[PDB]
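Here we start with a single chain on its own, the form deposited in one PDB entry, put down as structure tokens.
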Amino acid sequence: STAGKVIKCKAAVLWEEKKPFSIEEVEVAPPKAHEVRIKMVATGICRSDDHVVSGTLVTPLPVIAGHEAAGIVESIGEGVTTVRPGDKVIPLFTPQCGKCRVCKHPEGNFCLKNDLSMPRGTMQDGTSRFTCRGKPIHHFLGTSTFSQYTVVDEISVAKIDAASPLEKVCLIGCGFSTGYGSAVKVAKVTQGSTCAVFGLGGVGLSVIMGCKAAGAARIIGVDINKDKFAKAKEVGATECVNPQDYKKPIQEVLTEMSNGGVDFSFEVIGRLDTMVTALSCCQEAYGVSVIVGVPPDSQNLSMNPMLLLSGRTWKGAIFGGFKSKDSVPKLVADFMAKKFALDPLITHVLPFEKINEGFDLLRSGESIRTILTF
């Protein structure tokens, strides 16, 4: 009864930076060739969505944000072969076109069809499927999940197990898979190693889960909010440190604690200073440091390249290095088989209409991952 027709529904529109979302009616066009329209069931609030509000992460406005979500296919455009109406799906903020050099490379996952490097805020075809007050509204990362319905390109959606609990597995669309993969795929944490994790939010906790799954002997959580420490320990941290408790810079503290530097460190905050601190705290000859946090737009860090010349490895990654469409269904299958837990990350549940309260909870430091239900 809606296939081929415009859907009027509620969405959370961001009209300008540093303002509350506006919950109001939008028009969602029907899918074009190779597009899929999704009825949203649940979406997480990730710090990257807040970065759009704050101007840390620049993408065109006005916009429908939201990228960590799960829903049910309402209809498919011509030529779609990988999902059908009624299927449970997770939108992919990093596409997997399967055809570019990156998709073909064994390690790479940052598909060249992504809307991160040169943001347009559109569908792959350079147009939008959203109108609000008669005005076109931008998409975000080809997902836009803060809406009762969205339209995504086929390369930006994965079909998942029909018995999946969507109010949990939405986290596989971003924060869990990013943190977990950063440890197990990008860093390749080894048995018996010492790890340091900077930032103990939903992504930082998922890095800890991955370090523990890899068999690290020590996992040192680092956060300036000591309220984050109890849950970090529950999911695997062996110790936690608050830099503001020390007279010395935390790189020196962590080097001392690890008898000369950690094996693996992770920046999971988004600050230039902690990216350099995290590099410095890994062992100078064989340490590895992974940047996960998002830096403020266009800003450069400063660092001494002798930190690398001694033998450190520095890398970053999007989405935990996972090739998104191949990996999301397998991660859902692993969750259904109890291979990792998502409940530790979910501290609050709210209806979609209370989105602004959910962002207030994140900004206050009180939540890890609020899940919004449509």
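If you superpose the two forms and keep the largest set of C-alpha atoms that fall within 1.5 Å, you have the rigid core. So that there is no doubt, residue numbering starts at 1 and follows the sequence shown.
One more form of this protein exists, namely the form deposited in another entry; it is left out here, but the text below deals with it.
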property	result
Comparing forms between the shown form and the other one after core superposition, the one residue of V73, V253, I155, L166 displaced by 2 Å or more at CA	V253
Core-aligned C-alpha movement of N242 between the shown form and the other one reaching 2 Å	yes
Shift of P296 between the shown form and the other one at or above 2 Å (CA, core fit)	yes
Core-aligned C-alpha movement of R84 between the shown form and the other one, 2 Å or more	no
